[PDB]
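Submitted below is the structure of interest, expressed as structure tokens.
Note that the chains are named A, B, C and D in the order they appear, and that numbering of residues resets to 1 at the start of each chain.
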Amino acid sequence: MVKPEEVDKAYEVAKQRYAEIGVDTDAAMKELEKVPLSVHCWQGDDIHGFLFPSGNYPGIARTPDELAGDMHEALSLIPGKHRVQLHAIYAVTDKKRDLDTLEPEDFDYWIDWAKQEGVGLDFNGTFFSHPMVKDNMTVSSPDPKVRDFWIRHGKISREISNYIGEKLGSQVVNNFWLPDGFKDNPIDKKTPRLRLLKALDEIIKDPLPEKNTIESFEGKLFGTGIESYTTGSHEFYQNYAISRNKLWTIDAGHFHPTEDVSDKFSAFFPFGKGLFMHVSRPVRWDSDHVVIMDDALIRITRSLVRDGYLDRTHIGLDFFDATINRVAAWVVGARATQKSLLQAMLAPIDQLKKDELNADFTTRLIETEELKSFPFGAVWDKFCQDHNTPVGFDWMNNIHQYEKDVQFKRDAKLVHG
Amino acid sequence: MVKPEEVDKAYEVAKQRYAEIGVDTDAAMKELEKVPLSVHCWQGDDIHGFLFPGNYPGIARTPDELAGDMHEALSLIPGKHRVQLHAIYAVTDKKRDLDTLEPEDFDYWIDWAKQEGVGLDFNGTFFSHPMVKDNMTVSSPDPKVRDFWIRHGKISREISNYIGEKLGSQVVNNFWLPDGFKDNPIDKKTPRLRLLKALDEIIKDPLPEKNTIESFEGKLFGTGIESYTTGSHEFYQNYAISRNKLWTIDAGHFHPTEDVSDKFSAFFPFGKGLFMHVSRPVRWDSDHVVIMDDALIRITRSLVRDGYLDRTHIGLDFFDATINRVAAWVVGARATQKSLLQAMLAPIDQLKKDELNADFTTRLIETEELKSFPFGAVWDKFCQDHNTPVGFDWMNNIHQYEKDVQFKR
Amino acid sequence: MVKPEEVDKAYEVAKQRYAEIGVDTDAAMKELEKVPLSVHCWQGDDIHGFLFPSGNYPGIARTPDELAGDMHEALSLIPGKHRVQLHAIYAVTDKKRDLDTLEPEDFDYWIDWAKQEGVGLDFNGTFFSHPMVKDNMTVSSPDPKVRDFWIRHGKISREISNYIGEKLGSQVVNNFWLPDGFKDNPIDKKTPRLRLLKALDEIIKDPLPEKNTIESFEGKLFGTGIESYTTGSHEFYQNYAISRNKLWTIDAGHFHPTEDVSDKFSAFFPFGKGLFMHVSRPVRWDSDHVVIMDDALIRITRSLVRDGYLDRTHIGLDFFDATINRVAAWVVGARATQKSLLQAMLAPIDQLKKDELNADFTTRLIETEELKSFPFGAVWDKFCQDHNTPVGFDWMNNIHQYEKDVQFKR
Amino acid sequence: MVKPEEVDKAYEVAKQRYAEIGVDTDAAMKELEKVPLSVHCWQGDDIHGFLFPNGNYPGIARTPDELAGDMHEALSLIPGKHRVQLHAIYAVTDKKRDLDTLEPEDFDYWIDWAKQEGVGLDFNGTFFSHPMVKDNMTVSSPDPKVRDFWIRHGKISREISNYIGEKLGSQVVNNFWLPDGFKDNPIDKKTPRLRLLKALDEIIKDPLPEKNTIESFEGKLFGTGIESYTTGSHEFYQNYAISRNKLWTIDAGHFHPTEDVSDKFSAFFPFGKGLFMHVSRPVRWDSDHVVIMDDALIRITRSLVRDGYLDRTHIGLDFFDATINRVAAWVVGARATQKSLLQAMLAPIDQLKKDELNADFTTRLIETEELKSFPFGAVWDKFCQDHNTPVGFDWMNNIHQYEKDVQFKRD
């Protein structure tokens, strides 16, 4: 167990080290406080939800109460104040429901939980794992009956999101992700994107207060069993968001091999409103690995900090690893993102910008490289301790306690509710 | 030497093979006639131009030589096409810099285009100049550098307007900027805001759309500018749509495994027009001669199947000096044409119906069979009908041009 | 229906166009009929096998007799004579078996079928979809019980292979693919590959007649749920094959983005014995799409043909698409491969090589590009007709008849 | 300026943090001392060399003395004991020489400098920038006159390397890199590689003691103007090295998009003798950017120390950036590599290995991620200070002084 006075001592030394290069470590920690991460609920129960009925880790959540407890446990090890992303299938009601019959009140459970937990809520319509998914197509299906069903869900997703936003007093980002596409090479690339354009326009048609909710649109290059064509491409959705004055969702695992998603922000913000940045680790495909401190995460976080885009960018976690402790998964990803944000915030950005404007690329290379071995860990440790979360390896103690007390017994416990 | 009667025989057999699956070979050839390729002048003289004075012999060194080489290439490319000029191909006895060019400096090319019977497209030259400061031009943080290149940009529009008025054919004025960083930048925002402001100033003075319209060409990375490109594909698609201008897709300028044929159907619900630069990247932006490969096949069939040709200008953009430079044009142009023609020789309306009905079996079988249908016999007929040599035969014309012209330089 | 006179006509015109550039179309077709393709049995029944009993196309095979009939139908529409790959889980027996208790006689069904069908057989041990797959590891597992189990199966794959080869009088290529790897970033990359080296050496220890069987070893870059580290890498297996004088398996789906597997042949053969070339279409991952005529297949086929490597290269199909008629999948993939081989064989290779030796890169570019629009289709159509298979679209009639009479009735 | 007592106090605190997770910082720094980096001479003078006399940062070296002084300055800012790589075109002689008439004594200047400086030397034959490069081919050219010329150079590279090895009493790694290939798609892939095999075998024919020199073979996926085919492929050279019992050169910039060269070590060492690891940063192609602390470098260094391959792996620098202070370029790349090696050496590797063997992938993910924010910087700073080099930003002062006193006065 780290000693709190050692953390405080190491922080004063680091603060001095940074002050000597014109960086204020107190101000950097204050900046990190103001960046809430939207923790995805579906990592807790392998995206089962509650609407419809292998070497994976024990302790999967099977009920609202279980998932809520698991997210509370994860959030108690993530320093600061954050948000939670819900999916439509996480509706809590005993009334018989389908995706086109959900009502705002079906999320009262999550509204009450979020108020008592002190987090905001983001929302995702569920356009997958349903018999109305016809040949991998939903909203942009050539079948009018299939299209009309999913348009109904899409409209309902806004109604729910508006209601949640009104009750919490915090704007709900309503994210749209559609599987729509083909496994093999299509003949017609145009007509599916025109069907999508018209169906999306119909979904966002009825006005709702922007203070309560706003829609984001999430593209993808390719998915399993849908590899050759994605109806909702990144180009289609950036165009759609700018044109219809909505948010654009950038998921870090959904782009080309070698594609740096941190390049997109400064090409979008001269034209568009806001982004939903979904941090996710792709390993040679859209594998949805837990977020770690790697090149991609470091570039995403430093690009948002350096160019001042945080107040127009929502940061969400989107990954799914059931092979490890599901609660640990959230905490690794959240801490990875926070410490990368913090490292970016501990740079003398104004002086570096100056040197770069004067084409002093020598200084820029040297300093950026020296900063990677500066004592950013001491500032991170201080941030963890100040927000009553365990430091470094110490949070494994919390995970072992949660495994003994909950996760390793859960499977044998009778589910109820 | 292929016998015309053999071409005619093969064509009649192919015509019947295609008619049996509801494809009209005569109509397919009429469709191909309507697609002019914009042949880039700079392949002729390794992008030297005329403004600022182990490769294959016979490089063009003068306007007349370059004009003669383009005439030779066009004579071996069936149908009617266009030529792309760079600003540095100005023809004048006057002392010019990129900020002092005048429209009449291109009278030479207007006259040549009229006698050759081709339209002209234009490119501002924002590279190979002392005023390129740290690989930046219009979006340079130095106002002296920015103002110089803004003057050149404005002049590129005035030149393009003048050419368009004289030819009575709209000149597409393509903007490509090297602007970016070799290594990792701190500020990605400000360069792109400087670009936005500069481009807006360049296009400020209204010019008739009947004479010219601007297109904007993004890049992922170039040599010595690998880490950041100010003018990104996203920046320019957004810029084109918002400013009601054309977007330039160069097949060589995207990510590994990136399929540029995906972009058309995501652009046209929002945008006005495309300039599609066919170019072959070999593991980087290598500007290899266009060949019949997956990329070209997908580009051409995507434009044909979704009926985007009337809104897509097709230009060649490559540079290979290791081979006969005139041959380079003909290989690239013929690859593009035969690929367009193969796409036009599909029963597209029936295939679309099969696809709407989720008959993915029929789609796979038929698209694979069409790859070995006799599309070559329709291509050969198109070549012959338009007074150009068939197959290997045009190598005779190259060897004669080498002997009589190129090898004598 | 295509008119056979039409085909014969178009062929004679093609024959002359090719003759004019020093290519013999009759000779090219003779070369093609000497290239057997190893048709994978598992496309027919979604790799279910027989050992351990939503937008999926109808008519899936459920029994040996059904799978046998489906492969007979597919082969009937593929011109020339070919081979079939079995997996261990395709054992046909009424006896209680696990992967470590399989007997050669359990493959008597397939030997009898192959002799009647007139095809050779290749083999694959089944190192997946089993409770003894522990944390995605089999032969190279750190758990000795798991190792021993999979080592027993490895040895049995060789024994079965030897028996099939003896009975058929044609060499059985016994292909080893293992899923062994880690989902996330490993600490120790060395020890797993040392465990694999030791285990493989144990599996191939007991000598078996080469005339009957030889082993091939199949690497992978990454798989679903095993993305970060593959124990059996391409580098590992090329080194293992060369050093233990075995075959190396190259699957066209299992390499890096932009990786051209046709580059590997000429870098292997100065050192190595033979290759098992598995044609498979990756679409942005190891997606096992049906093989089509694309840059990869064209480069694979022309690289084998131009450099004379066919006599040392076994060509197998490896793909799994259940979204389309499963019998059609076989025929599309096989015809695409043969088409692409034939186009390679229809080039003036000796003259092009001389042009290249003299650095005449102009002639090489012009000619290779012109050959892409030469009437190779007319020669392919002739090959199809000569070997009593339908021409072009026509074989769709056979699929519709097989759907009505057999597939749609299951 | 950093205060030595402040570095020492921060080190003692870090020592304690690492001791508590079973890591010995003092031992970790001793392990780092034993990894010499082979600093490439050609970054100093834009690969001009001296043999054939004939936008960019000022102060390029133009003479042996200027280059020697620049490498001395760079080494003075890189903590510990390292090596220098020479190219054959860095011959120092007033005699009229071609690449096929170089003599060992032509390198006496560099032997004398290395003895003075207290560093070992590695060597590279120069198979580029010469009229005898015919259609981008050298050793494996279809022209027997071209082949024979370059084979003469290849034999001479071994004779030079043996001589240097003897004089310095330190084995010279003689690295072979050939541009040989095609710009566009070849018809015949087989024959070029059979020509290469035959030519390499003739080059290494004459026996020389391993004690003085051993050959390494460097492959490439593609180069500028040689994009479509490389005769000397990675597969060809790994097979060649294992077969002929020589070293295999892995250059981090010469592989496919997304390729992780750190994967290759554990697939090589069950079969082969040794590696020459050229650290180099590719940015979307073989761009030869200065090495920085990124995923690739972190994976290369941790893969070598985790699996205990350092005693069989020579680490060399290979990059060329003339847009920045050329001496600075060396220090950035060397320090990136050392701090990355050091971080990997500061992990509880035995415990992590045990956890992994026991399939505790939860613990492995948590711990590896926590280690990335442990105070490795305080250990790095201690290593820098202990070895009489400036800490953190401080060495920018030395660069500015060297610009003022030496570099900016040259041009």
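Everything that follows uses one rule, which is that a residue touches a chain if its C-beta (ideal position, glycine included) is under 8 Å from a C-beta of that chain, and two chains touch if they have at least 3 such contacts.
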Subunit B and subunit C, separation of their C-alpha mean positions in angstrom: 40
Touching two or more other chains - residue numbers and ranges from subunit D: 134-135, 183-184, 257-258, 284, 290, 323, 361, 365, 368
Topology of the chain contact graph, where touching chains are joined (line, ring, star, complete, other): complete
Chains touching one another, given as label pairs in label order: A-B, A-C, A-D, B-C, B-D, C-D
Subunit D contact footprint on subunit B (complex, rising order): 54, 182-183, 220-221, 223-224, 226-227, 256, 282-284, 286, 288-289, 320, 322
Touching residues on subunit D, where the partner in the complex is subunit A: 6, 9-10, 13, 16-17, 21, 57, 257-258, 284, 290, 292-295, 323-325, 328, 331-332, 335-336, 339, 361-363, 365-370, 372-378, 380-381, 392-393, 395-396, 399
Subunit C contact footprint on subunit D (complex, rising order): 134-135, 142, 182-194, 197, 229, 233, 235-236, 238-239, 242-243, 256-259, 262-272, 303, 306-309, 349, 352-353, 356-357, 359, 361, 364-365, 368
